[PDB]
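When the letters of the sequence shown are read in order and numbered with the entry's author numbering, they come out as residues 35 to 43, 51 to 573. Note that beta-carbon positions come from the ideal geometry of N, C-alpha and C, so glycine has one too. Beneath this line is the structure, given in structure tokens, with notes to follow.
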Amino acid sequence: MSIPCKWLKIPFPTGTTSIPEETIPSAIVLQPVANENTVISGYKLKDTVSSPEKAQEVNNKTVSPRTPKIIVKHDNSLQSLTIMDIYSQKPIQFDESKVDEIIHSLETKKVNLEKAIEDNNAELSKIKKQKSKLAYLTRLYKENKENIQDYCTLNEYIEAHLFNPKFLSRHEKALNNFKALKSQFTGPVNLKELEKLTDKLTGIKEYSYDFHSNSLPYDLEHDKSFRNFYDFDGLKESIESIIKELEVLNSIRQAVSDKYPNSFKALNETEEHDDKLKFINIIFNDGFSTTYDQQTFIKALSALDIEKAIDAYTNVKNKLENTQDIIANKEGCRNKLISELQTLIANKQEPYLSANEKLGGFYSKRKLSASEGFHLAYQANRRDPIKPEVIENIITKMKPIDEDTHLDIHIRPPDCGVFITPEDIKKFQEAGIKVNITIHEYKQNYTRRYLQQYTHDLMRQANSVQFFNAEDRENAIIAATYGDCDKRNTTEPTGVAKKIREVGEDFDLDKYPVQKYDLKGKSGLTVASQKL
Ligand SMILES: [Cl-]
């Protein structure tokens, strides 16, 4: 059999139908995301006893910045909206009551700050130097009178006092946005409006509220006057407290490595997370039950190279050994600080995940590339929890499976009827089916090389690959041999010469990495007539 691209002609989470009708919402959003559009989708409760926890879990697993997810109740009023911003890249879920909580905290933030404004107005104006005001207001903040810390960050405290106009604008952008979001929960769910606002919450079009720390974002690059007033010492402290946690966990790993030399090998050759955890708990109970805190023990054994983590966090703390260099941006000091912090916040794997609790989520704004936006939606589709049932149905309608059942899958991203993933292919292979990928286009995606990476993902997992065009095949083979879809990023001399000719040897081109594999040995040319 075969899966056609264009020549074409279930299922849903229990209690629901899809939005749009009869789709896999995570699959059908990929063409528009591939063209850089934010697209909402999700599931609908057909009844009123209907429990949303099944759909909500599919929404959590498949949301990305370009693919916000909604649950709609039976009356077609908005039940919950899930988003993911581009800084922390975490599912964020709103029902109407959690939106109210956010509006309320933004309100008590404003009154509790106005209160401290007056309070300090007398003594504050006795201080002439801005810096002395700062050192003073910073002392007050730490003294935490009337629990002001409950309602504002130190940066918010400082700004509201010393740059009150700027602070009031910043504050209003956040509150207006969440007022706007409240509206969307009354009446019928408005799809295109939910989309344009999501862009205003995720950071694609704007970022006015840091979900991670639930506070107002301060931009180390573009908040230029505030740069000298930014809490560099706090940040530097949290990084040092993170580094301390990382040393505890790493010394737990030493203890385990000592008492159970084989188990680090064993634990790290175990595929699934749920199986890794079972083994971690067995090691804990065998010889550390009375020694360590169990939840800390688990974090330590779950972490992926704490050495590398300790290193990356130390690297940022080192940039904080000189505040004035950062204020000055001493040869990229600040560019590098911002870049490395953004990388750390966006790491959702422990130890980073738990360490980043100590840190704010936002440091400077950034544009989401088409490539990254696509890849986050693509990964969400690879995670989709209903995708397994879909593939099962196809496999059922193929049984019996001889020891020579074949499946030919036609690929022309992103415009085919079904969106195939490497997991899909693997499931077929587990069912006894060999999978051939027929590639309709490759070189033509040179302006959107994330679709070329997607194609390598499938060609790598497939049993075999056919091309209609020799230039497609040889360029793909070259990318699978040198490790990047853009020859200008490779060691290949004509590639380097092309870089130098077009952007200069040193320019920092966008990367399209491809894990190297033997494309040549598993592919060939065919002719369309053989498919017809
Ligand atoms: Cl190409």
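Measuring alpha carbon to alpha carbon, tell me which residue in 389, 133, 461, 332 is nearest residue 501.
461
Which residue's Cα is closest to the Cα of residue 340: 359, 292, 387, 472?
292
Helix, strand or coil, according to DSSP, for residue 394 in the structure here?
helix
Using DSSP with H/G/I as helix, E/B as strand and the rest coil, what is residue 551?
It is coil, neither helix nor strand.
Go through its chain and collect everything with a Cβ distance to residue 304's Cβ below 6 Å, but skip five positions before and after it.
324
Could you tell me the boundaries of the alpha helix (DSSP H) in which residue 279 lies?
273–300
Just to confirm the assignment, what range does the beta strand (DSSP E) spanning residue 83 have?
82–86
Which residues in the same chain have their Cβ closer than 8 Å to the Cβ of residue 525, if we skip the five residues on either side of it in sequence?
Non-local C-beta neighbours of residue 525 in its own chain, meaning closer than 8 Å and more than five positions away in sequence, comprise 531, 552, 553, 554, 555, ordered along the chain.
Measure the CB-CB distance between residue 83 and residue 106 and report whether it falls below 9 Å.
No, the Cβ-Cβ distance between residue 83 and residue 106 is not below 9 Å.
Work out the CA separation of residue 232 and residue 295 for me, nearest whole Å.
Taking the straight line from one Cα to the other gives about 52 Å.
Are the CB atoms of residue 249 and residue 47 within a distance shorter than 9 Å?
Residue numbering in the chain jumps from 43 to 51; residue 47, which lies between, is not modelled.
Under 5 Å from any heavy atom of ligand 1, by CB: list those residues in chain order, please.
484, 487, 516
So, do the stretch 240–254 and the stretch 384–403 have three or more beta carbon pairs nearer to each other than 8 Å?
With a cut-off of 8 Å, the stretch 384–403 and the stretch 240–254 count as touching, because enough Cβ pairs lie within range.
Taking the C-alpha atoms as reference points, what is the distance between residue 236 and residue 109?
8 Å
The alpha helix (DSSP H) spanning residue 240 covers which residue range?
232–243
Would you mind sorting residue 538 into buried or exposed? The rule is 16 or more other CB atoms within 10 Å of its CB.
exposed
Does the stretch 167–181 come close enough to the stretch 126–138 that 3 or more CB-CB pairs lie under 8 Å?
no
Compute the Euclidean distance between the alpha carbons of residue 347 and residue 545, then round it to the nearest angstrom.
37 Å
Count the C-beta pairs between the stretch 356–376 and the stretch 265–273 that are closer than 8 Å, then say yes if the count reaches three, no if not.
yes
Using 8 Å as the Cβ pair cut-off and three pairs as the minimum, do the stretch 62–76 and the stretch 211–225 touch?
no
According to DSSP, simplified to helix, strand and coil, what is residue 409?
Coil.
Output the distance between the C-alpha atoms of residue 194 and residue 435, rounded to the nearest integer angstrom.
54 Å
Tell me residue 134's beta-bridge partners as DSSP assigns them.
For residue 134, which the question treats as bridged, DSSP gives the partners 123.
Quick one: residues in its chain with C-beta nearer than 7 Å to the C-beta of residue 53, no 5 flanking neighbours on either side, listed in chain order?
59, 84
Among the residues of its own chain, which have a CB less than 7 Å from the CB of residue 523, if the five just before and after it don't count?
531, 532, 533
Nearest to residue 359 by alpha carbon, out of 313, 433, 426, 281?
281
Anyone know if the C-beta pair for residue 481 and residue 514 falls short of 9 Å?
no
Whole angstroms are fine: how far does the CA of residue 199 sit from the CA of residue 179?
7 Å
Using a Cβ-Cβ cutoff of less than 8 Å, which residues in the same chain neighbour residue 486 once the five nearest sequence positions on both sides are dropped?
For residue 486, where only same-chain residues beyond five positions count, the Cβ hits under 8 Å are 454, 492, 493, 496.
Using CA atoms only, rank isn't needed, just tell me which of 140, 182, 139, 136 is closest to residue 158.
182
Along the chain, where does the beta strand (DSSP E) that runs through residue 117 open and close?
Neither: residue 117 is in no beta strand (DSSP E) and is coded neither H nor E.
Is residue 442 closer than 9 Å to residue 474 when the C-beta atoms are compared?
Less than 9 Å separates the beta-carbon of residue 474 from that of residue 442.
Apart from the five residues just before and just after residue 113, which ones in its own chain have a Cβ nearer than 8 Å to its Cβ?
60, 83, 84, 85, 86, 119, 120, 230
Who are the near neighbours of residue 259 in its chain, counting only those whose CB is closer than 6 Å to its CB and skipping five residues on each side?
196
Tell me whether residue 263 is buried or exposed, calling it buried when 16 or more other Cβ atoms sit within 10 Å of its Cβ.
exposed
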